[PDB]
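> Quick one: the structure is below, questions incoming.
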Amino acid sequence: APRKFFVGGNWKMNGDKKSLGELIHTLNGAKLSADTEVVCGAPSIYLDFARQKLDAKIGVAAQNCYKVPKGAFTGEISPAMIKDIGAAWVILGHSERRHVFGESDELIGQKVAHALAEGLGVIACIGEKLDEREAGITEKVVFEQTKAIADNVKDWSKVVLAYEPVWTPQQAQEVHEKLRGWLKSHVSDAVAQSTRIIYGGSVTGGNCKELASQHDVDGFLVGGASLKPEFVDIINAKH
Amino acid sequence: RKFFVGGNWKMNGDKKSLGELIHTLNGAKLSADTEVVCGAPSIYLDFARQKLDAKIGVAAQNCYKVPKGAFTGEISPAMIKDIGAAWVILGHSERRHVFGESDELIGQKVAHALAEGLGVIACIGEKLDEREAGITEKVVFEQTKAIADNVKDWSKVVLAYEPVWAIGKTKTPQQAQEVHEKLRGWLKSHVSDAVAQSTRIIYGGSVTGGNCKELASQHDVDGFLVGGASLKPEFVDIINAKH
């Protein structure tokens, strides 16, 4: 009935077989809370390797995908390929995709619909840039990105929303509370009550506990710390 | 100049189907005078190098321009070497025109891949509107310049010409030879006599088992980058185009 706590780790463009095998060994052997759903996001070239080595209780996610099952798109991968090597999640609309590589709201929305129809779970990312926060348009910007995702979700049971400020715990709580209120008016009261909303700003072993105690924060998407031993402490943030 | 044939699988395959393709290639009679390379999706690169005969090379279909960092969704040359592949394809028409990759970015990628010890298949080519305006030469010389400014040792580079414009139109073998001959004249003078004589220039338009023998007889065509036919059994015939 209550929302289950969710922690993803985004490795970004880091690692080789030796270093990543060492990271996986540590997670497999650690004591992880039974009440946390854990997911690891690997570089595409190491996704098969990661699924082979990680304990089955831990999920594996691609860091990006395209919007059809096959075709003339040199350099891309599809949801069919991701299922084929046994991973169940994909991260979509990450700030680095939007702002370094120029991916639009429309494209991201199409990726979301296809991934879900193909039987993947989706971690959908939204967030405002520095110039946007300074202009006072935080809410308008994130509502806009959220609507472009929701118009492409027929069933919310396998969707998790991730808020990243691209640039305190009380400021995070304020944005999470308003996002849930959006789900209530524009979708339904039931969808608002059951959907996980995780925080994707800077998360470390030092700040994870206070963030996790906020009423509308359901977990994290972790960056640089997902490559270190302190990732274990972040998974156990509520204990 | 040793004959060179690459096969670009693009976004196609799963473990079953690509496994079958590799088995066919391992068991075929392939000319000893052809250098062969297979370009796999990133998610299957390690798999492909494990399964393919060591005489056949493996290429990534794209990479980025530093060894590590905050670039969600990307891979580096260090990662490609780590799983045992020796090549990368850079500046493919689909990267340029569907995903918007600039000449400046492609040039930075070429310099990094070569410094890190990979070979590079560098792609150039004009669009249909450019062909109609009569500016084919101007476009490919501009693209080739942005590559050459970033190359020190040409023994590790192969240049691929793609007529994007034709791929509902057709490109003839004489038309391919005319472009290849001009590209070599560019190299003679902007680099050296020795580099023009020794660098392979391969054709990346539509290659099938039916047209490969006439294309391979041209004086300045050194081989191919194959698309859809790299996924079929006739890829073997293309490797053997000079017999």
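In the structure tokens, chains take letters A, B, ... by order of appearance, with residues numbered from 1 within each chain and ligands from 1 in the order shown.
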At a cut-off of 10 Å, list the chain A residues touching chain B, using only C-alpha atoms, as number ranges by chain.

A: 10-18, 41-49, 62-66, 68-78, 80-85, 91-92, 94-97, 100-103, 223-224

> Can you tell me which residues surround stretch 202-218 of chain A at a distance of at most 7 Å, considering only C-alpha atoms, apart from same-chain residues fewer than 5 positions away, and format the answer as a list in words?

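In the requested format, the answer is residues 5, 6, 169, 173, 176, 177, 196, 197, 225, 230, 233, 234, 237 and 238 of chain A.
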
> For residue A:133, please output as a list in words all residues within 12 Å (counting only C-alpha atoms; exclusion window: fewer than 5 positions along the same chain).

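After dropping sequence-adjacent residues, the list is residues 127, 128, 138, 139, 140, 141, 142, 165, 166 and 167 of chain A.
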
> Skip residue A:30 itself and residues of its chain fewer than 3 positions away, then list as a list in words all residues within 12 Å of it, counting only C-alpha atoms.

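After dropping sequence-adjacent residues, the list is residues 23, 24, 25, 26, 27, 33, 55, 229, 230, 231, 232, 233, 235 and 236 of chain A.
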
> Would you put the residues from that selection into a file with N, CA and C atoms, as a JSON list (two decimals), in the first residue's frame?


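Below is the file that was written, result18.json:
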```
[["chain", "number", "residue", "atom", "x", "y", "z"],
["A", 23, "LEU", "N", 33.73, -3.54, -8.28],
["A", 23, "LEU", "CA", 32.52, -2.85, -7.77],
["A", 23, "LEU", "C", 31.34, -3.82, -7.52],
["A", 24, "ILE", "N", 31.15, -4.74, -8.46],
["A", 24, "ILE", "CA", 30.06, -5.72, -8.41],
["A", 24, "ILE", "C", 30.28, -6.73, -7.26],
["A", 25, "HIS", "N", 31.52, -7.18, -7.09],
["A", 25, "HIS", "CA", 31.91, -8.05, -5.98],
["A", 25, "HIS", "C", 31.48, -7.46, -4.61],
["A", 26, "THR", "N", 31.75, -6.17, -4.42],
["A", 26, "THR", "CA", 31.40, -5.47, -3.18],
["A", 26, "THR", "C", 29.86, -5.40, -2.93],
["A", 27, "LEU", "N", 29.06, -5.14, -3.97],
["A", 27, "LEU", "CA", 27.59, -5.05, -3.83],
["A", 27, "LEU", "C", 26.92, -6.40, -3.54],
["A", 33, "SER", "N", 19.24, -3.57, 2.65],
["A", 33, "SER", "CA", 17.87, -3.59, 3.18],
["A", 33, "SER", "C", 16.90, -4.35, 2.27],
["A", 55, "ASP", "N", 23.90, -10.16, -8.52],
["A", 55, "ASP", "CA", 22.81, -10.91, -7.85],
["A", 55, "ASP", "C", 21.46, -10.55, -8.48],
["A", 229, "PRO", "N", 32.37, 2.42, -2.58],
["A", 229, "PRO", "CA", 31.73, 1.65, -1.50],
["A", 229, "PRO", "C", 30.59, 2.34, -0.73],
["A", 230, "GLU", "N", 30.54, 3.68, -0.67],
["A", 230, "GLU", "CA", 29.47, 4.39, 0.06],
["A", 230, "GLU", "C", 28.06, 4.27, -0.55],
["A", 231, "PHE", "N", 27.96, 3.76, -1.79],
["A", 231, "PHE", "CA", 26.67, 3.39, -2.41],
["A", 231, "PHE", "C", 25.83, 2.47, -1.51],
["A", 232, "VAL", "N", 26.50, 1.55, -0.81],
["A", 232, "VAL", "CA", 25.85, 0.62, 0.13],
["A", 232, "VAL", "C", 25.12, 1.40, 1.24],
["A", 233, "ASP", "N", 25.79, 2.40, 1.81],
["A", 233, "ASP", "CA", 25.17, 3.23, 2.86],
["A", 233, "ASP", "C", 23.94, 4.01, 2.36],
["A", 235, "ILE", "N", 21.84, 3.01, -0.10],
["A", 235, "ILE", "CA", 20.76, 2.02, -0.18],
["A", 235, "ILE", "C", 20.05, 1.85, 1.18],
["A", 236, "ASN", "N", 20.83, 1.92, 2.27],
["A", 236, "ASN", "CA", 20.33, 1.74, 3.65],
["A", 236, "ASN", "C", 19.98, 3.04, 4.38]]
```

> Mind listing the helix (DSSP H, G or I) residues of stretch 6-238 of chain A, per DSSP on the backbone, as a PyMOL selection string?

chain A and resi 17-29+44-53+79-84+95-99+105-117+130-134+138-150+156-158+169-186+189-194+208-212+224-227+231-235

> Please return as an MDAnalysis selection string: the residues of stretch 115-169 of chain B that backbone DSSP assigns to strand (DSSP E).

chainID B and resid 119:124 157:161

> Between atom CA of residue A:124 and atom CA of residue A:93, what is the spacing in Å?

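Atom-to-atom, atom CA of residue A:93 to atom CA of residue A:124, that is 6.2 Å.
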
> Measuring atom to atom with only C-alpha atoms, identify which of A:198, A:57, A:228, A:99 is nearest to residue A:7.

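When distances to residue A:7 are compared using only C-alpha atoms, the smallest one comes from A:198.
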
> My list of candidates is B:221, B:212, B:86, B:18. Which is closest to residue B:236 when distances are computed with only C-alpha atoms?

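Once distances to residue B:236 are computed over only C-alpha atoms, the minimum belongs to B:212.
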
> For atom CA of residue A:194 and atom CA of residue A:54, quote the distance in Å rounded to one decimal.

28.2 Å

> State, in Å with one decimal place, the distance from atom CA of residue B:59 to atom CA of residue B:85.

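About the pair atom CA of residue B:59 and atom CA of residue B:85: they are 6.1 Å apart.
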
> Skip residue A:158 itself and residues of its chain fewer than 2 positions away, then list as an MDAnalysis selection string all residues within 10 Å of it, counting only C-alpha atoms.

chainID A and resid 89 116 119:123 153 155:156 160 195:196

> Go ahead and dump the residues you just picked, C-alpha atoms, as an mmCIF file, in the first residue's frame.


```
data_model
loop_
_atom_site.group_PDB
_atom_site.id
_atom_site.type_symbol
_atom_site.label_atom_id
_atom_site.label_comp_id
_atom_site.auth_asym_id
_atom_site.auth_seq_id
_atom_site.Cartn_x
_atom_site.Cartn_y
_atom_site.Cartn_z
ATOM 1 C CA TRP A 89 15.028 -0.973 -16.975
ATOM 2 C CA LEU A 116 6.853 0.584 -21.890
ATOM 3 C CA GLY A 119 7.888 -4.492 -21.450
ATOM 4 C CA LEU A 120 10.640 -2.414 -19.800
ATOM 5 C CA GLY A 121 10.401 -0.262 -16.696
ATOM 6 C CA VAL A 122 11.338 3.407 -17.179
ATOM 7 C CA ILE A 123 13.240 5.842 -14.955
ATOM 8 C CA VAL A 153 2.145 6.597 -20.102
ATOM 9 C CA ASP A 155 -0.055 2.488 -16.997
ATOM 10 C CA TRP A 156 2.084 4.024 -14.194
ATOM 11 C CA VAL A 160 9.534 6.003 -11.614
ATOM 12 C CA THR A 195 3.985 6.546 -7.898
ATOM 13 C CA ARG A 196 7.627 6.775 -6.663
#
```

> Pick out the residues sitting within 8 Å of stretch 196-210 of chain B, and hand them over as a PyMOL selection string; count only C-alpha atoms, and ignore anything fewer than 5 positions along from it in its own chain.

chain B and resi 1-5+154-155+157-164+166-167+171+176+180+184-185+187-188+191+220-227+229+234-235+237-238

> Please write the residues from the selection above to a file, keeping C-alpha atoms, as a compact mmCIF listing (two decimals), in the first residue's frame.


```
# COMPACT_ATOMS: atom_id res chain seq x y z
CA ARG B 1 47.40 -1.35 -51.04
CA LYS B 2 45.69 -4.32 -49.33
CA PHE B 3 41.96 -4.78 -50.24
CA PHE B 4 39.66 -3.84 -47.30
CA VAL B 5 36.00 -4.89 -46.60
CA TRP B 154 47.93 7.48 -41.93
CA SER B 155 48.92 3.77 -41.77
CA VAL B 157 43.34 5.17 -41.15
CA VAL B 158 40.86 4.09 -43.85
CA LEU B 159 38.70 6.68 -45.69
CA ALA B 160 35.08 5.75 -46.63
CA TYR B 161 32.99 7.64 -49.25
CA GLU B 162 29.17 7.41 -48.74
CA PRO B 163 26.79 8.79 -51.38
CA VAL B 164 23.96 9.67 -48.94
CA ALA B 166 21.45 7.83 -53.60
CA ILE B 167 20.58 6.06 -50.31
CA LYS B 171 25.19 5.47 -58.38
CA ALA B 176 32.42 6.20 -57.79
CA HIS B 180 37.90 8.30 -55.42
CA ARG B 184 43.58 10.71 -53.77
CA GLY B 185 44.76 13.85 -55.61
CA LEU B 187 45.91 13.62 -50.30
CA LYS B 188 49.02 13.79 -52.53
CA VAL B 191 49.75 15.40 -46.99
CA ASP B 220 41.26 3.97 -57.17
CA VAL B 221 38.64 1.87 -55.28
CA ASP B 222 40.34 -0.17 -52.50
CA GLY B 223 37.30 -2.00 -51.01
CA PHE B 224 33.91 -1.37 -49.28
CA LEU B 225 31.85 -0.43 -46.20
CA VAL B 226 28.72 -2.66 -46.57
CA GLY B 227 25.26 -1.94 -45.07
CA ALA B 229 24.03 -7.03 -47.09
CA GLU B 234 26.22 -12.78 -49.66
CA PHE B 235 28.68 -10.75 -47.52
CA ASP B 237 30.91 -13.05 -51.95
CA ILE B 238 31.68 -9.31 -51.41
```

> Skipping near chain neighbours, those fewer than 6 positions away, what residues fall within 9 Å of stretch 132-149 of chain B using only C-alpha atoms, listed as a list in words?

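Within the cut-off, the hits are residues 103, 104, 106, 107, 108, 110, 111, 122, 123, 124, 125, 126, 159, 161, 179, 182, 183, 186, 187, 190 and 191 of chain B.
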